[PDB]
Protein chains: 2
Amino acid sequence: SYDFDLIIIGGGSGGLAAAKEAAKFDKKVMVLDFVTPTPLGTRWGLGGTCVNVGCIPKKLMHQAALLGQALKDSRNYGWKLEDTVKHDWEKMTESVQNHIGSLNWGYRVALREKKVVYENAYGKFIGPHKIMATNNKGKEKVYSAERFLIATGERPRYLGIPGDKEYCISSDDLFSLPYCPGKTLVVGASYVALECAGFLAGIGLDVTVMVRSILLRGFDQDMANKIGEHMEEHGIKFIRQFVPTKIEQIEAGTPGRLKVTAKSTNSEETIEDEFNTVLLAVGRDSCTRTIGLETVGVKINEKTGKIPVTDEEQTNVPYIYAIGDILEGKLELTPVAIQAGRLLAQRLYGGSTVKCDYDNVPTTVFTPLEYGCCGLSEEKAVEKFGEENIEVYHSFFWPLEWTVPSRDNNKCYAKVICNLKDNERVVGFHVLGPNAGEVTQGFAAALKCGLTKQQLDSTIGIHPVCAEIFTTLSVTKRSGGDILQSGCXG
Amino acid sequence: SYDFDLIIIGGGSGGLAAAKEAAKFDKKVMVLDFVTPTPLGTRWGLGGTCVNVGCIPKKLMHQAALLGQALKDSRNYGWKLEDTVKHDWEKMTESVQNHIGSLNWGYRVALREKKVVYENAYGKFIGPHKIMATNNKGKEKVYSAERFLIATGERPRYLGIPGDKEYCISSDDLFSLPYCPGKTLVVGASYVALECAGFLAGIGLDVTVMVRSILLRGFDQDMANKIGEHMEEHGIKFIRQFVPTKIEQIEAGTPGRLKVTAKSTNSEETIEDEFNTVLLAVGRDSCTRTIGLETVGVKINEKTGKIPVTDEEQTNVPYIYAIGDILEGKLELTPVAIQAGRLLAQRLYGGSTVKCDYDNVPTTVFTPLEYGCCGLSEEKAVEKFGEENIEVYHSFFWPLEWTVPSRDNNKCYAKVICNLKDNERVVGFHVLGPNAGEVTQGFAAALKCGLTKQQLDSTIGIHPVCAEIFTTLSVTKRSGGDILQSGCXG
Ligand SMILES: Cc1cc2nc3c(=O)[nH]c(=O)nc-3n(C[C@H](O)[C@H](O)[C@H](O)COP(=O)(O)OP(=O)(O)OC[C@H]3O[C@@H](n4cnc5c(N)ncnc54)[C@H](O)[C@@H]3O)c2cc1C
Ligand SMILES: Cc1cc2nc3c(=O)[nH]c(=O)nc-3n(C[C@H](O)[C@H](O)[C@H](O)COP(=O)(O)OP(=O)(O)OC[C@H]3O[C@@H](n4cnc5c(N)ncnc54)[C@H](O)[C@@H]3O)c2cc1C
């Protein structure tokens with residue numbers, strides 16, 4: 001009877017994963033994907049946040065900043081480089097957009113080969129088992145399905161303040177900005193703000209981060225503070241405990257000139273400065289309010305906008321599932337959405353019973369000095385297991401590659417958190433250093449096997465590689481021992 | 001009736017570890033370390049092979065090569081770099097030697113602080129519990145100890161051929177070469193040869209590798225071949241199944257000109273070419289023949305020169321121990337020698353029972369495209385567990401960072417080897433790609449916890465990071481499925 005076995009609302013990370021996997025079982029599948037424009041009119045193609053305005057262009061721009069560092073390092077390794085290489089914003093974003101565009105077309109082609117109907121249209125439920133697809137020109141069409149997957153992700157939140165929508169940009173706009181941002185104010189202090197401030201400084205821009213309260217709420221606060229200090233020592237300026245109150249345009253331009261006014265968080269003080277660009281990185285809102293959930297009876301958390309879901313990704317309505325960023329109490333990460341989507345299609349059409357495991361999922365912040373972790377933060381381990389049952393082994397280290405450029409000794413830092421009640425099970429893993437992500441992935445695998453501290457110590461390091469530090473952590477926070485190099489021992 | 005509790009012969013990786021650890025227990029310790037010069041008169045300072053003529057300078061030169069690549073990549077990411085950056089050998093080796101020099105002094109200081117007597121002198125046993133230290137000027141002194149640790153390492157092997165000692169250089173000489181090597185022949189095909197051929201090409205030299213038989217004997221042969229093909233594609237020329245027969249000098253110089261003659265391995269064919277530098281990387285010999293082992297009754301394997309040892313690093317003579325490269329049937333790696341040395345001191349003076357675990361020790365080859373691995377090679381897993389009990393999951397991948405420079409798709413490769421008789425225990429782990437070492441270290445930890453294929457698949461990747469490929473290997477070699485990108489799916 002129904003038009004499709006499965007209609008997927010949203011063609012991002014989770015959505016496309018679910019589609020590609022469901023297509024393996026010869027089912028009629030349709031992906032609806034539509035990108036509503038930013039307040040400034042920015043649009044993009046198929047593939048979701050990660051592909052167009054997230055991980056992909058972010059890491060590419062991170063890379064652009066790393067390369068700036070590599071240019072300086074090269075002098076000391078014998079490359080006869082002149083004194084300063086200038087960076088060119090427009091050339092960079094052109095390359096980035098070029099890659100993105102080929103991902104856009106890669107997916108469009110992938111869907112076609114897998115025989116998945118792709119409809120570039122906004123999905124909205126109209127009643128049980130029925131959905132309306134409104135296309136770009138306003139034309140509607142109604143479709144029915146046996147099952148639905150909500151995979152609509154989130155969008156950047158604005159402040160409630162005068163001028164923010166008309167003058168500020170968000171990450172959605174940053175990655176295809178047609179001109180160089182110039183002097184920038186980044187408002188916010190989580191992974192988006194820090195990563196962006198990070199690479200904008202790295203390519204040579206004057207950058208300021210305005211912080212409401214703490215850096216990286218949710219992450220290990222000592223790690224967060226170390227990332228903060230590093231950014232401060234390498235250019236990025238920080239304004240602590242201030243929130244903007246208005247953004248007014250002094251001059252239009254590409255970039256123009258903007259006057260930002262901010263109020264203290266605890267006092268009455270006021271500050272003004274002017275910038276070329278104000279980037280808002282102050283959280284994201286779930287796209288669940290305008291997809292007609294009332295008409296099919298799907299319950300969402302009204303305050304947060306997230307969708308509560310069974311451990312099988314089922315909503316309260318038996319035939320409607322949800323995946324990715326919109327899920328209540330989950331994690332907002334591409335590979336999680338992809339795994340969730342893939343395993344869902346497996347359970348539905350492949351007779352699998354494998355659920356998606358959301359415990360100890362590794363993450364990485366691509367701040368100038370990268371931060372990789374997995375498991376519990378120190379504070380959370382203490383909360384969960386009790387202060388005197390936790391042992392923290394830690395150490396600084398110095399990447400061999402930095403010795404010859406002769407920079408940044410005792411900045412990189414590694415800690416493992418152990419549960420003394422459980423054979424010193426490693427319940428948290430943290431690294432601050434180059435290629436933090438590469439380092440962390442493997443250790444996340446070991447956490448899944450219940451790695452103990454004596455198993456860790458019995459693993460031999462690879463030399464000379466930063467990651468080897470973890471096989472030799474012998475100094476505890478409790479012992480109070482010194483952990484500075486150099487060091488230079490055996 | 002002892003001067004010292006422990007005399008360590010050799011102040012390398014293992015020796016210095018054992019010394020630093022033994023010193024924790026307030027024992028009288030002496031390190032003897034002397035560097036006998038290369039045939040060309042090269043020597044160096046405290047620290048052993050790894051510090052002076054191995055891991056450290058090798059990685060630093062590898063880094064010089066990667067930075068060459070980074071200069072090229074930077075153009076696409078918007079850095080207005082001109083067309084060619086020349087490299088300067090003398091400036092590079094100055095920086096490298098500088099760092100090495102500070103490690104030399106670092107250790108010399110570390111030993112002094114730890115109250116370890118350091119004697120820059122050649123050790124030679126003269127009789128039970130007695131050793132002779134011959135210093136640089138030929139002055140002898142006799143010392144006694146309750147225990148001795150032999151930690152003397154190895155030295156480059158030469159060929160049995162005319163001109164090799166007088167005209168060729170080895171790794172011992174390479175890292176402090178006072179002039180640029182120019183057009184180079186590397187003889188040999190294991191980790192030393194390929195690593196060196198690698199970075200010499202990377203800094204812009206004309207490089208030829210001459211191979212006797214196969215590449216990287218002992219490592220997974222398919223991995224070896226891939227490394228080989230990559231090197232061929234990126235400059236390095238290979239001469240297959242040839243062995244040099246003589247090296248004659250055409251002209252002295254810095255570099256001079258050398259005429260190398262080589263004979264086919266299976267036919268009668270002869271080839272001549274001329275080079276600026278011939279680098280011999282054809283194995284190393286244990287320094288165990290000239291340390292007076294006869295006089296104390298220590299048994300060595302006569303053919304190989306290695307010392308057989310109990311699982312506690314004890315020789316047949318109860319009071320004499322051996323560590324590091326000289327050990328029979330072990331592995332010749334810095335962190336192994338360090339661990340062995342550190343744990344030995346723990347057993348002897350710390351009442352520990354923890355032995356050094358030599359199974360599944362991760363290694364990395366720093367060829368231009370790095371190769372990391374841990375556990376068994378495919379062929380060894382088949383030999384050990386039987387062909388139809390092995391499942392190999394594998395995939396090519398394309399580092400996000402390479403997409404914008406737009407190079408080298410489908411070169412990086414990952415595979416895991418699983419035992420079907422043992423819940424698909426991952427028994428071998430192989431990766432070819434950037435930061436291979438960083439990726440591998442963590443997975444080596446997981447192998448110590450008996451990581452299974454399903455545990456692997458339940459671990460969520462970090463996006464976008466190369467290492468994440470391992471969380472999603474779904475195509476087996478047995479299935480015959482295609483594994484080429486791009487691809488681009490969900
Ligand atoms: C700046 C930034 C950096 C990030 N860095 C990382 C990182 O390094 N690593 C990582 O793992 N994650 C990162 N993330 C998070 C990651 O991108 C998201 O968690 C992931 O893309 C979520 O996937 P999803 O399928 O839930 O939503 P999305 O991928 O956003 O998919 C949503 C799709 O549905 C469309 N849509 C919405 N409503 C409708 C509708 N009604 N009808 C039709 N289509 C609709 C949207 O336009 C979008 O295409 C980053 C995010 C940002 C913003
Ligand atoms: C080019 C090259 C690259 C390498 N790359 C890596 C790598 O990336 N990773 C890795 O883990 N390993 C690498 N290795 C191997 C590693 O460096 C060695 O395994 C390690 O140094 C061995 O430690 P050791 O303490 O056994 O011997 P060594 O470190 O060599 O110590 C031996 C010391 O004893 C001295 N000595 C010898 N005889 C006497 C005597 N009779 N009296 C006094 N002193 C004496 C020697 O001069 C030397 O200083 C590399 C080796 C080479 C040659």
# chains A, B, ... in the order shown; residues from 1 in each chain; ligands from 1
>>> residues_around(residues="residue 244 in chain B", least_positions_apart="6", cutoff="12 Å", atoms="only C-alpha atoms", output="JSON, numbers by chain")
{"B": [158, 159, 160, 161, 162, 163, 164, 168, 185, 186, 187, 188, 209, 210, 211, 212, 259, 260, 261, 262, 263, 264, 265, 269, 270, 271, 272, 273, 278, 279, 280, 282]}
>>> write_last_selection(atoms="N, CA, C and O atoms", output="compact mmCIF listing (two decimals), in the first residue's frame")
# COMPACT_ATOMS: atom_id res chain seq x y z
N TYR B 158 79.12 -4.23 7.35
CA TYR B 158 79.58 -3.87 6.00
C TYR B 158 79.40 -5.07 5.08
O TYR B 158 79.05 -6.13 5.55
N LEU B 159 79.61 -4.90 3.78
CA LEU B 159 79.61 -6.04 2.88
C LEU B 159 81.02 -6.65 2.88
O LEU B 159 81.97 -6.04 3.40
N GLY B 160 81.22 -7.83 2.33
CA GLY B 160 82.59 -8.31 2.33
C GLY B 160 83.35 -7.79 1.13
O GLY B 160 84.12 -8.54 0.52
N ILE B 161 83.14 -6.53 0.74
CA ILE B 161 83.56 -6.15 -0.61
C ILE B 161 84.52 -4.97 -0.69
O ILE B 161 84.48 -4.11 0.17
N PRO B 162 85.39 -4.95 -1.72
CA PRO B 162 86.39 -3.88 -1.93
C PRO B 162 85.78 -2.49 -1.99
O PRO B 162 84.88 -2.25 -2.80
N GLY B 163 86.27 -1.60 -1.13
CA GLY B 163 85.89 -0.19 -1.18
C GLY B 163 84.78 0.24 -0.25
O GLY B 163 84.51 1.45 -0.08
N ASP B 164 84.12 -0.73 0.38
CA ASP B 164 82.96 -0.42 1.20
C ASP B 164 83.30 0.31 2.49
O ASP B 164 82.61 1.27 2.83
N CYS B 168 82.08 4.00 1.44
CA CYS B 168 80.66 4.06 1.73
C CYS B 168 80.44 4.61 3.10
O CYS B 168 81.36 4.63 3.91
N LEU B 185 73.04 6.11 -3.65
CA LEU B 185 72.65 4.74 -3.73
C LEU B 185 72.48 4.25 -2.30
O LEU B 185 73.40 4.39 -1.47
N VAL B 186 71.32 3.71 -1.98
CA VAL B 186 71.13 3.03 -0.70
C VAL B 186 71.11 1.55 -0.98
O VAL B 186 70.38 1.08 -1.85
N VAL B 187 71.96 0.82 -0.27
CA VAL B 187 72.06 -0.62 -0.46
C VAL B 187 71.38 -1.30 0.72
O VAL B 187 71.75 -1.06 1.87
N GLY B 188 70.38 -2.13 0.45
CA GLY B 188 69.62 -2.75 1.52
C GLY B 188 68.16 -2.42 1.36
O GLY B 188 67.79 -1.45 0.66
N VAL B 209 67.60 2.77 -4.61
CA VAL B 209 67.67 1.68 -3.63
C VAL B 209 68.01 0.40 -4.38
O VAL B 209 67.36 0.08 -5.38
N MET B 210 69.02 -0.32 -3.92
CA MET B 210 69.39 -1.59 -4.53
C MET B 210 68.99 -2.73 -3.62
O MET B 210 69.42 -2.78 -2.47
N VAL B 211 68.12 -3.59 -4.12
CA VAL B 211 67.53 -4.67 -3.32
C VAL B 211 68.10 -6.06 -3.65
O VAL B 211 68.16 -6.47 -4.82
N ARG B 212 68.51 -6.83 -2.61
CA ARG B 212 69.04 -8.18 -2.84
C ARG B 212 67.88 -9.11 -3.18
O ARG B 212 67.94 -9.89 -4.13
N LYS B 259 82.05 4.99 -8.22
CA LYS B 259 81.57 4.06 -9.25
C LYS B 259 81.22 2.74 -8.57
O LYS B 259 82.08 2.09 -7.98
N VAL B 260 79.95 2.37 -8.65
CA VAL B 260 79.48 1.15 -8.03
C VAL B 260 79.22 0.10 -9.10
O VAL B 260 78.60 0.41 -10.12
N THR B 261 79.72 -1.12 -8.88
CA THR B 261 79.51 -2.22 -9.79
C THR B 261 78.65 -3.22 -9.06
O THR B 261 78.88 -3.48 -7.89
N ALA B 262 77.65 -3.77 -9.73
CA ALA B 262 76.76 -4.75 -9.10
C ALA B 262 76.49 -5.93 -10.00
O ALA B 262 76.42 -5.78 -11.22
N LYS B 263 76.32 -7.10 -9.37
CA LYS B 263 75.99 -8.35 -10.08
C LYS B 263 74.56 -8.81 -9.80
O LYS B 263 74.13 -8.81 -8.65
N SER B 264 73.84 -9.22 -10.84
CA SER B 264 72.55 -9.88 -10.67
C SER B 264 72.59 -11.03 -9.66
O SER B 264 73.61 -11.67 -9.46
N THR B 265 71.44 -11.28 -9.07
CA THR B 265 71.29 -12.25 -8.00
C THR B 265 71.11 -13.66 -8.55
O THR B 265 71.45 -14.63 -7.89
N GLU B 269 74.52 -11.06 -15.29
CA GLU B 269 74.51 -9.66 -15.68
C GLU B 269 75.29 -8.74 -14.72
O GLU B 269 75.40 -9.01 -13.53
N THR B 270 75.86 -7.67 -15.27
CA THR B 270 76.64 -6.69 -14.51
C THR B 270 76.14 -5.27 -14.80
O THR B 270 75.80 -4.95 -15.95
N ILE B 271 76.07 -4.43 -13.78
CA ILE B 271 75.73 -3.01 -14.02
C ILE B 271 76.70 -2.08 -13.31
O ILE B 271 77.25 -2.42 -12.27
N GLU B 272 76.91 -0.91 -13.91
CA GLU B 272 77.75 0.12 -13.33
C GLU B 272 76.93 1.36 -13.35
O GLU B 272 76.22 1.60 -14.31
N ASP B 273 77.02 2.14 -12.29
CA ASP B 273 76.57 3.53 -12.32
C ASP B 273 77.43 4.31 -11.35
O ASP B 273 78.12 3.71 -10.51
N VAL B 278 77.29 6.43 -1.26
CA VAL B 278 76.71 5.11 -1.12
C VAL B 278 76.47 4.90 0.34
O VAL B 278 77.42 4.92 1.15
N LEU B 279 75.20 4.72 0.67
CA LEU B 279 74.80 4.43 2.05
C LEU B 279 74.50 2.95 2.23
O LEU B 279 73.64 2.42 1.53
N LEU B 280 75.22 2.29 3.13
CA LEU B 280 75.05 0.82 3.37
C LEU B 280 74.12 0.59 4.53
O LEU B 280 74.37 1.05 5.67
N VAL B 282 72.65 -2.63 5.64
CA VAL B 282 72.56 -4.05 5.34
C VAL B 282 72.62 -4.94 6.60
O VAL B 282 73.19 -6.03 6.57
>>> closest_atom_pairs(of="chain B", to="ligand 2", cutoff="7 Å", atoms="only C-alpha atoms and all ligand atoms", output="JSON lines")
{"residue": "B:9", "atom": "CA", "partner": "ligand 2", "partner_atom_place_in_ligand_line": "43 (C)", "distance": 5.1}
{"residue": "B:10", "atom": "CA", "partner": "ligand 2", "partner_atom_place_in_ligand_line": "34 (O)", "distance": 3.1}
{"residue": "B:11", "atom": "CA", "partner": "ligand 2", "partner_atom_place_in_ligand_line": "33 (C)", "distance": 4.8}
{"residue": "B:12", "atom": "CA", "partner": "ligand 2", "partner_atom_place_in_ligand_line": "31 (O)", "distance": 3.2}
{"residue": "B:13", "atom": "CA", "partner": "ligand 2", "partner_atom_place_in_ligand_line": "25 (O)", "distance": 3.8}
{"residue": "B:14", "atom": "CA", "partner": "ligand 2", "partner_atom_place_in_ligand_line": "25 (O)", "distance": 3.7}
{"residue": "B:15", "atom": "CA", "partner": "ligand 2", "partner_atom_place_in_ligand_line": "25 (O)", "distance": 5.4}
{"residue": "B:32", "atom": "CA", "partner": "ligand 2", "partner_atom_place_in_ligand_line": "43 (C)", "distance": 4.8}
{"residue": "B:33", "atom": "CA", "partner": "ligand 2", "partner_atom_place_in_ligand_line": "44 (N)", "distance": 3.6}
{"residue": "B:34", "atom": "CA", "partner": "ligand 2", "partner_atom_place_in_ligand_line": "44 (N)", "distance": 4.1}
{"residue": "B:35", "atom": "CA", "partner": "ligand 2", "partner_atom_place_in_ligand_line": "47 (O)", "distance": 3.7}
{"residue": "B:36", "atom": "CA", "partner": "ligand 2", "partner_atom_place_in_ligand_line": "47 (O)", "distance": 6.2}
{"residue": "B:46", "atom": "CA", "partner": "ligand 2", "partner_atom_place_in_ligand_line": "49 (O)", "distance": 6.3}
{"residue": "B:47", "atom": "CA", "partner": "ligand 2", "partner_atom_place_in_ligand_line": "49 (O)", "distance": 5.9}
{"residue": "B:48", "atom": "CA", "partner": "ligand 2", "partner_atom_place_in_ligand_line": "49 (O)", "distance": 3.5}
{"residue": "B:49", "atom": "CA", "partner": "ligand 2", "partner_atom_place_in_ligand_line": "30 (O)", "distance": 4.1}
{"residue": "B:50", "atom": "CA", "partner": "ligand 2", "partner_atom_place_in_ligand_line": "17 (O)", "distance": 3.5}
{"residue": "B:53", "atom": "CA", "partner": "ligand 2", "partner_atom_place_in_ligand_line": "1 (C)", "distance": 6.0}
{"residue": "B:54", "atom": "CA", "partner": "ligand 2", "partner_atom_place_in_ligand_line": "2 (C)", "distance": 3.5}
{"residue": "B:55", "atom": "CA", "partner": "ligand 2", "partner_atom_place_in_ligand_line": "5 (N)", "distance": 3.8}
{"residue": "B:58", "atom": "CA", "partner": "ligand 2", "partner_atom_place_in_ligand_line": "3 (C)", "distance": 6.0}
{"residue": "B:59", "atom": "CA", "partner": "ligand 2", "partner_atom_place_in_ligand_line": "8 (O)", "distance": 6.9}
{"residue": "B:121", "atom": "CA", "partner": "ligand 2", "partner_atom_place_in_ligand_line": "43 (C)", "distance": 5.7}
{"residue": "B:122", "atom": "CA", "partner": "ligand 2", "partner_atom_place_in_ligand_line": "42 (N)", "distance": 3.6}
{"residue": "B:123", "atom": "CA", "partner": "ligand 2", "partner_atom_place_in_ligand_line": "42 (N)", "distance": 3.7}
{"residue": "B:124", "atom": "CA", "partner": "ligand 2", "partner_atom_place_in_ligand_line": "41 (N)", "distance": 5.8}
{"residue": "B:151", "atom": "CA", "partner": "ligand 2", "partner_atom_place_in_ligand_line": "25 (O)", "distance": 5.4}
{"residue": "B:152", "atom": "CA", "partner": "ligand 2", "partner_atom_place_in_ligand_line": "34 (O)", "distance": 3.8}
{"residue": "B:153", "atom": "CA", "partner": "ligand 2", "partner_atom_place_in_ligand_line": "27 (O)", "distance": 3.4}
{"residue": "B:154", "atom": "CA", "partner": "ligand 2", "partner_atom_place_in_ligand_line": "30 (O)", "distance": 5.7}
{"residue": "B:171", "atom": "CA", "partner": "ligand 2", "partner_atom_place_in_ligand_line": "1 (C)", "distance": 5.3}
{"residue": "B:192", "atom": "CA", "partner": "ligand 2", "partner_atom_place_in_ligand_line": "1 (C)", "distance": 5.1}
{"residue": "B:287", "atom": "CA", "partner": "ligand 2", "partner_atom_place_in_ligand_line": "38 (N)", "distance": 5.7}
{"residue": "B:291", "atom": "CA", "partner": "ligand 2", "partner_atom_place_in_ligand_line": "41 (N)", "distance": 5.3}
{"residue": "B:323", "atom": "CA", "partner": "ligand 2", "partner_atom_place_in_ligand_line": "26 (O)", "distance": 6.1}
{"residue": "B:324", "atom": "CA", "partner": "ligand 2", "partner_atom_place_in_ligand_line": "26 (O)", "distance": 3.4}
{"residue": "B:325", "atom": "CA", "partner": "ligand 2", "partner_atom_place_in_ligand_line": "26 (O)", "distance": 4.1}
{"residue": "B:326", "atom": "CA", "partner": "ligand 2", "partner_atom_place_in_ligand_line": "26 (O)", "distance": 6.3}
{"residue": "B:332", "atom": "CA", "partner": "ligand 2", "partner_atom_place_in_ligand_line": "19 (O)", "distance": 4.2}
{"residue": "B:333", "atom": "CA", "partner": "ligand 2", "partner_atom_place_in_ligand_line": "11 (O)", "distance": 3.7}
{"residue": "B:334", "atom": "CA", "partner": "ligand 2", "partner_atom_place_in_ligand_line": "11 (O)", "distance": 3.8}
{"residue": "B:335", "atom": "CA", "partner": "ligand 2", "partner_atom_place_in_ligand_line": "11 (O)", "distance": 5.6}
{"residue": "B:337", "atom": "CA", "partner": "ligand 2", "partner_atom_place_in_ligand_line": "23 (O)", "distance": 5.5}
{"residue": "B:364", "atom": "CA", "partner": "ligand 2", "partner_atom_place_in_ligand_line": "8 (O)", "distance": 6.7}
{"residue": "B:365", "atom": "CA", "partner": "ligand 2", "partner_atom_place_in_ligand_line": "8 (O)", "distance": 7.0}
>>> select_by_dssp(residues="range 24-225 of chain A", states="helix (DSSP H, G or I)", output="ChimeraX atom specification")
/A:24-25,48-53,55-76,89-113,164-167,171-174,191-202,221-225
>>> closest_residue(among="A:488, A:64, A:96, A:340", to="residue 202 in chain A", atoms="only C-alpha atoms")
A:64
>>> closest_residue(among="B:329, B:292, B:428, B:442", to="residue 382 in chain B", atoms="only C-alpha atoms")
B:428
>>> atom_distance(atom1="atom 36 (N, counted along the ligand's line) of ligand 1", atom2="CA of residue 21 in chain A")
19.4 Å
>>> closest_residue(among="A:300, A:196, A:40, A:142", to="ligand 1", atoms="only C-alpha atoms and all ligand atoms")
A:196
>>> closest_residue(among="B:463, B:430, B:226, B:114", to="ligand 1", atoms="only C-alpha atoms and all ligand atoms")
B:463
>>> closest_atom_pairs(of="chain B", to="ligand 1", cutoff="9 Å", atoms="only C-alpha atoms and all ligand atoms", output="JSON lines")
{"residue": "B:461", "atom": "CA", "partner": "ligand 1", "partner_atom_place_in_ligand_line": "11 (O)", "distance": 8.2}
{"residue": "B:462", "atom": "CA", "partner": "ligand 1", "partner_atom_place_in_ligand_line": "11 (O)", "distance": 6.1}
{"residue": "B:463", "atom": "CA", "partner": "ligand 1", "partner_atom_place_in_ligand_line": "9 (N)", "distance": 4.5}
{"residue": "B:464", "atom": "CA", "partner": "ligand 1", "partner_atom_place_in_ligand_line": "9 (N)", "distance": 6.1}
{"residue": "B:465", "atom": "CA", "partner": "ligand 1", "partner_atom_place_in_ligand_line": "8 (O)", "distance": 8.8}
>>> atom_distance(atom1="CA of residue 409 in chain A", atom2="CA of residue 458 in chain A")
27.2 Å
>>> select_by_dssp(residues="range 11-143 of chain A", states="strand (DSSP E)", output="ChimeraX atom specification")
/A:29-32,117-119,121-127,130-135,140-143
>>> write_last_selection(atoms="N, CA and C atoms", output="compact mmCIF listing (two decimals), in the first residue's frame")
# COMPACT_ATOMS: atom_id res chain seq x y z
N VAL A 29 13.28 3.42 -0.62
CA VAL A 29 13.73 4.41 0.33
C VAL A 29 13.76 5.79 -0.31
N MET A 30 13.30 6.79 0.44
CA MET A 30 13.41 8.18 0.00
C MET A 30 14.07 9.01 1.05
N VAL A 31 15.05 9.80 0.62
CA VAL A 31 15.66 10.81 1.45
C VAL A 31 15.13 12.17 1.03
N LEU A 32 14.55 12.88 1.99
CA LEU A 32 14.23 14.30 1.86
C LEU A 32 15.35 15.12 2.49
N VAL A 117 15.50 7.19 -3.79
CA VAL A 117 14.89 8.40 -4.31
C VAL A 117 15.37 9.59 -3.48
N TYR A 118 15.93 10.60 -4.16
CA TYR A 118 16.36 11.81 -3.46
C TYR A 118 15.48 12.96 -3.87
N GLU A 119 14.94 13.66 -2.89
CA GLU A 119 14.03 14.74 -3.16
C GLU A 119 14.55 15.93 -2.37
N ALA A 121 13.79 18.72 -0.87
CA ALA A 121 12.53 19.30 -0.41
C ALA A 121 12.40 19.20 1.12
N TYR A 122 11.66 20.14 1.69
CA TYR A 122 11.50 20.23 3.12
C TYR A 122 10.41 19.27 3.59
N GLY A 123 10.73 18.38 4.52
CA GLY A 123 9.76 17.41 5.00
C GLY A 123 8.94 17.95 6.15
N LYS A 124 7.65 17.65 6.15
CA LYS A 124 6.78 18.03 7.25
C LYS A 124 5.67 17.01 7.38
N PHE A 125 5.56 16.36 8.53
CA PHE A 125 4.46 15.45 8.76
C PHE A 125 3.10 16.16 8.70
N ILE A 126 2.14 15.53 8.03
CA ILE A 126 0.77 16.05 8.01
C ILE A 126 -0.26 15.15 8.74
N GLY A 127 0.10 13.89 8.99
CA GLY A 127 -0.77 12.95 9.69
C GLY A 127 -0.18 11.56 9.71
N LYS A 130 1.95 9.91 6.86
CA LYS A 130 1.95 10.84 5.72
C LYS A 130 2.85 12.06 5.96
N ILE A 131 3.57 12.44 4.92
CA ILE A 131 4.49 13.56 5.00
C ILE A 131 4.35 14.45 3.78
N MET A 132 4.60 15.74 3.97
CA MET A 132 4.56 16.67 2.87
C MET A 132 5.95 17.16 2.54
N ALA A 133 6.29 17.11 1.26
CA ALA A 133 7.57 17.61 0.82
C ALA A 133 7.36 18.92 0.09
N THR A 134 7.76 20.02 0.72
CA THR A 134 7.70 21.32 0.06
C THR A 134 9.03 21.61 -0.57
N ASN A 135 9.01 21.79 -1.89
CA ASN A 135 10.26 22.04 -2.58
C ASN A 135 10.70 23.49 -2.57
N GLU A 140 4.20 21.54 -3.25
CA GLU A 140 4.04 20.47 -2.29
C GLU A 140 3.69 19.15 -2.94
N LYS A 141 4.05 18.07 -2.27
CA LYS A 141 3.71 16.75 -2.72
C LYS A 141 3.61 15.91 -1.47
N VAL A 142 2.66 14.99 -1.45
CA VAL A 142 2.44 14.18 -0.26
C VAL A 142 2.93 12.77 -0.50
N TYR A 143 3.61 12.21 0.50
CA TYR A 143 4.10 10.85 0.41
C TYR A 143 3.75 10.06 1.66
>>> atom_distance(atom1="CA of residue 74 in chain A", atom2="CA of residue 431 in chain A")
25.3 Å
>>> residues_around(residues="residue 24 in chain B", least_positions_apart="6", cutoff="12 Å", atoms="only C-alpha atoms", output="JSON, numbers by chain")
{"A": [489], "B": [17, 18, 111, 113, 114, 115, 116, 342, 345, 346, 348, 349, 350]}
>>> residues_around(residues="residue 149 in chain B", least_positions_apart="2", cutoff="6 Å", atoms="only C-alpha atoms", output="MDAnalysis selection string")
chainID B and resid 8 320:322
>>> residues_around(residues="residue 65 in chain A", least_positions_apart="6", cutoff="9 Å", atoms="only C-alpha atoms", output="list in words")
residues 198, 199, 200, 201, 202, 203, 204 and 368 of chain A; 77 of chain B
>>> closest_residue(among="A:223, A:392, A:361, A:51", to="chain B", atoms="only C-alpha atoms")
A:361
>>> residues_around(residues="range 351-358 of chain A", least_positions_apart="5", cutoff="9 Å", atoms="only C-alpha atoms", output="number ranges by chain")
A: 311-313, 330-331, 336, 339-340, 343-346; B: 458-460
>>> decode(residues="range 340-345 of chain B", atoms="C-alpha atoms", output="short mmCIF file (atom, residue, chain, number, x, y, z; two decimals), in the first residue's frame")
data_model
loop_
_atom_site.label_atom_id
_atom_site.label_comp_id
_atom_site.auth_asym_id
_atom_site.auth_seq_id
_atom_site.Cartn_x
_atom_site.Cartn_y
_atom_site.Cartn_z
CA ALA B 340 63.50 -4.50 29.95
CA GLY B 341 66.08 -2.30 31.70
CA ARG B 342 63.59 -0.53 33.96
CA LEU B 343 61.80 -3.72 34.99
CA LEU B 344 65.09 -5.50 35.62
CA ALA B 345 66.12 -2.93 38.19
#
